[PDB]
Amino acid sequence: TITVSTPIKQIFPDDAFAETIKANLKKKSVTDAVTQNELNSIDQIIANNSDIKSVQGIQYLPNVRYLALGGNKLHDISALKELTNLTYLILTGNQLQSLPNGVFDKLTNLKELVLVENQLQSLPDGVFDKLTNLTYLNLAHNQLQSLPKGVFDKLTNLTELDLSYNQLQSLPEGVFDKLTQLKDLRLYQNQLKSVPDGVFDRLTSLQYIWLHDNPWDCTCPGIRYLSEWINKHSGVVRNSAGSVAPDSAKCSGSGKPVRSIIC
């Protein structure tokens, strides 16, 4: 906490973010000195496309519930770790290359986490484990080559998961086993050659899946599970136009539909 009144711009050294705070507080200048009681009044921050390089100071905003920081130049989110009241965190289009272990462990009220269009290469084991109220996780347009074993296991409330436009080489065995509420799963535009046997079997609520634009390896017998699953659930598979398209999972090399192959 801030113990003595202090200029907005000292607490929030990034010029653009200090201006966000000033406007939210209805203060007249970023040189105005502010109190912790004033900072306690902030219930959300909506600062998309604002050239923000740093959110240093945000740690003094304990009551922030909705945080939208899309389209800035953020490379560190250390300062968010204490924002225990956060329910929506939108970090689209920043320059995060990693998530330090633990960064989200106190964010237990989070319902939606949007990490689209960052440069995340990998995730630490258990990074999402405390996000037990999470319903929407969006990791699309990152650089992920793998997922940790068990990374979604604690996210039993998850209803949408978007992994599209990464470079996933494989999925861990069992990775979706706890996701019994998941309705919408996007895996399109990755580098998947295969999925684990049974990988969709616990997805009792699944209504929509995207599998297109992966270089599926249709060699037998490896492809049997996927081919069988698509045929059994053909109405669930969608293309990029959003239409029902079970043939949109294609064999790399032959180009024919995965679901046409009988081992």
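Residues carry their position along the shown sequence, with the first being 1.
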item	value
Between 210 to 218 and 196 to 204 (mean CA B-factor, as deposited), the higher	196 to 204
158 to 166 set against 126 to 134, stretch whose average Cα temperature factor tops the other in the entry	126 to 134
Given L99, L139, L147, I90, the residue at which the Cα B factor reaches its maximum	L99
Candidate set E112, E117, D184, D76 [ranked by C-alpha B-factor, highest]	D76
Third of the chain, ranked by Cα B-factor, where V258 sits	lowest
Entry-reported Cα temperature factor of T84, expressed as the chain third it lands in	highest
Within-chain third of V103 by Cα B-factor, per the entry	highest
Third of the chain, ranked by Cα B-factor, where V30 sits	middle
CA B-factor placement of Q121, once the chain's modelled residues are sorted into thirds	highest
